[PDB]
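This document opens with one chain alone, in structure tokens, the form deposited in one PDB entry.
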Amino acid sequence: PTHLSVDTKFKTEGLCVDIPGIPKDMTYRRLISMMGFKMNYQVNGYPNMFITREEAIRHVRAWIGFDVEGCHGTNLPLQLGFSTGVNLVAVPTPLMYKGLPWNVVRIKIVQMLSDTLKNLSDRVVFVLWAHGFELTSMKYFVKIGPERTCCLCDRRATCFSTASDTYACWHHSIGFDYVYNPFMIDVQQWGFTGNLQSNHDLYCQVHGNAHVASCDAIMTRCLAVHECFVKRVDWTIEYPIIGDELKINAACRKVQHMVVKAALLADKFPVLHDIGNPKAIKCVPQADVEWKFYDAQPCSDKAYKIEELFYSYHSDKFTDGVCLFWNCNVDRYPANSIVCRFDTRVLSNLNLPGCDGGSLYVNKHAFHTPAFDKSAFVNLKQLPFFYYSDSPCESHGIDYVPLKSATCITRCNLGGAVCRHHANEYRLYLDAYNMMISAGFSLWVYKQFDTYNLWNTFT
């Protein structure tokens, strides 16, 4: 019990309007066969085209919604919709494309999945609300066989060329014409009542339905993400490194020690209220303050209501000292807050589109994050960039151009000439900070926060 058995049952009711007469008793084995594929009793690391929920969840970065609509079945033109927003029209002979045969349409499919997936995943998982035309259309652009490696690298193959009779991964697939060894999962096998739109719209206002293929494909992946990452949350599942995950996580630790350390030095709060992750530690262990912790798991669905977090009767006085919300998403921060809030709208490889304007940020773990709302920060201001150190000016061990910055808050710069050590640290910390910002995290602070207050911490 790791892979989906081909002898598992498949509920065919969803199928029976595109495919009138379909047996009620049906396995994956008979379905895969019906879709026109011979598995060839093969023990070569691809037991089933179809996969478990848990396998799909481990492979979320691979998810592409797929939907087909009878545009007028061998007879008639098909509309191919993907959760990239692409619509291709195949003939037998937002983006909407004109009617073209399978031999060109399949080239476009490889180009499309390869660009989308090459920096996310080693595979594709077509996410379905299966009614029949999507399953029967796959023979026109899919080939299955034993697991293979790229003809130019050691990445597993995801594409095949009939021109060259060779195999490529997503990176090396240019001019390839077939999707090789795809995975797929039918959402309609998870026990839903009524149609897609009805269930999607229970959870999501952001994706409308223009009655076109791409719209259903997006709605399908949305509902899938809702079920697997919003309503259900599995924080145990790890995920491969595919980008700057380790630099971003480190940057985030540095910035947090910096900002909170300086917040305490500037306004000398007697108590810090640390609201969020129950695993969180004192980011400034040295600081004078009463450090009080308050457990709140990352809300995946709707942002926490400050009313429900604080009131219902703690120092209880959360208006005493400062409230630290480090990736704790609430509706409206109090004015005495330091806030780190992930911006769901950022374009990166770590950040997958989500449900109801939210986003799925995958970095070691998967965290569905509520839609960024600018109105949450009305009592606060954007935190300005700055570097602060009280460490001795002293090189040790980093080639130089004399550092001039107003935002380098150090004994040296007060004395008008930044020492080389604090100039190395400064340009390191600025890089970290830039990393974190571009990665999508935003920083906000109580309005009275003024970096001018930090200079007098040397005298």
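Each residue number is its position in the shown sequence, starting from 1.
Student: Count up the deposited residues without coordinates from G397 to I398 and drop the result into none, 1 to 3, 4 to 9, or 10 or more.
Tutor: Count of unmodelled residues in between: 4 to 9.
Student: Hey, how big is the hole between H72 and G73 in terms of deposited residues without coordinates: none, 1 to 3, 4 to 9, or 10 or more?
Tutor: 4 to 9 residues are missing.
Student: Check the entry's C-alpha temperature factors for 229 to 237 and 329 to 337, then say which stretch has the higher mean.
Tutor: The stretch with the larger mean CA B-factor is 229 to 237.
Student: With respect to the recorded C-alpha B factors, which stretch has the higher mean value, 35 to 43 or 428 to 436?
Tutor: Mean C-alpha B-factor is greater for 35 to 43.
Student: Quick one: which of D267, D343, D274, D154 shows the highest Cα temperature factor in the PDB entry?
Tutor: Out of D267, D343, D274, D154, the record gives the largest C-alpha B-factor to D154.
Student: In this PDB entry, which of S214, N363, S375, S164 has the top CA B-factor?
Tutor: Checking the PDB record, the top C-alpha B-factor among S214, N363, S375, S164 is at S164.
Student: Determine, from the deposited record, the chain-internal third of the Cα B-factor for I218: lowest, middle or highest.
Tutor: Lowest third - that is where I218 ends up once the chain's C-alpha B-factors are sorted.
Student: Ranked by Cα temperature factor within the chain, is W102 in the lowest third, the middle third or the highest third?
Tutor: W102: CA B-factor falls in the lowest third of its chain.
Student: Is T52 in the lowest, middle or highest third of its chain when residues are ranked by C-alpha B-factor?
Tutor: Tercile = middle for this residue's CA B-factor.
Student: Place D244 in the lowest, middle or highest third of its chain's C-alpha B-factors, as listed in the PDB entry.
Tutor: Highest third, going by the recorded CA B-factors of the chain.
Student: Taking the chain's C-alpha temperature factors as the reference, tell me which third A62 falls into: lowest, middle or highest.
Tutor: Its C-alpha B-factor, which the entry lists for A62, ranks in the lowest third among residues of this chain.
The form deposited with a small molecule bound exists for this protein as well; it is not shown, and the discussion that follows is about that form.
Student: Indicate whether the small molecule has at least one heavy atom within 4.5 Å of a heavy atom of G70 in the deposited bound form.
Tutor: Yes - in the deposited bound form, heavy atoms of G70 and the small molecule come within 4.5 Å of each other.
Student: Just to confirm, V339 within 4.5 Å of the small molecule in the deposited bound form by heavy atoms?
Tutor: Judged by the heavy-atom cut-off of 4.5 Å, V339 is well away from the small molecule in the deposited bound form.
Student: Would you classify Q188 as touching the small molecule in the deposited bound form, given a 4.5 Å non-hydrogen atom cut-off?
Tutor: It does not: once the small molecule is placed as it appears in the deposited bound form, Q188 has no heavy atom within 4.5 Å of it.
Student: Does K374 make contact with the small molecule in the deposited bound form, using a 4.5 Å heavy atom cut-off?
Tutor: No, no contact at 4.5 Å.
Student: Only one of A213, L128, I109, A224 has a non-hydrogen atom within 4.5 angstroms of the small molecule in the deposited bound form; which is it?
Tutor: None of the other options qualify; the answer is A213.
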